[PDB]
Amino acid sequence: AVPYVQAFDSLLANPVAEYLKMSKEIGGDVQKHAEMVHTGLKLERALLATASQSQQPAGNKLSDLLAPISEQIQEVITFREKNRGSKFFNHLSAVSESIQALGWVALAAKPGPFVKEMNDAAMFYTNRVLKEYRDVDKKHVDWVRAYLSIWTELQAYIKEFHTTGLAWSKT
């Protein structure tokens, strides 16, 4: 559609696809969590497509618009919370403690710094994955780089098209 919808589809096709590919290599809980993250990112893409051709709404219309993303964020978090005995608990925790980054779309201002904070919360856990698996298998190092690349690309995407917040259509 508009340049920012096209740019988000590129984000889905590049770091997100790499994250999905590495999550599949690890499998189990990591693969299951990735599919939920993917559903979240696809729900965000749909909201960006709505925002590209519609003016900024309020109250009930805006709550209904943001509710699928909010609910999918909770689904990602609930998965990790229902799987505390997971053999990949730091991978699940890196995701659950950072997935709120998708919520940048609800902010009236500074969405970029918010995604940066969410990326820092993921790094608390991804550094534990790196320390545990740097000598085990390279796929874990690649998965960490793939997951974190989603948020560094999202920050670059926000700075380019939504600097002061989600750029809703004017006309």
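One rule holds for the numbers: they count along the sequence shown, beginning at 1.
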Mean temperature factor over C-alpha atoms, higher-scoring stretch between 32 to 40 and 45 to 53: 45 to 53
117 to 125 versus 133 to 141 - which carries the larger mean C-alpha B factor in the record: 133 to 141
Third assignment of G59 from its chain's C-alpha B-factors: highest
B-factor third for the C-alpha atom of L11 within its chain: highest
Entry-reported Cα temperature factor of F161, expressed as the chain third it lands in: highest
Position of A108 among the chain's modelled residues by C-alpha B-factor, lowest, middle or highest third: highest
Ranked against its chain, the third holding the CA B-factor of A67: middle
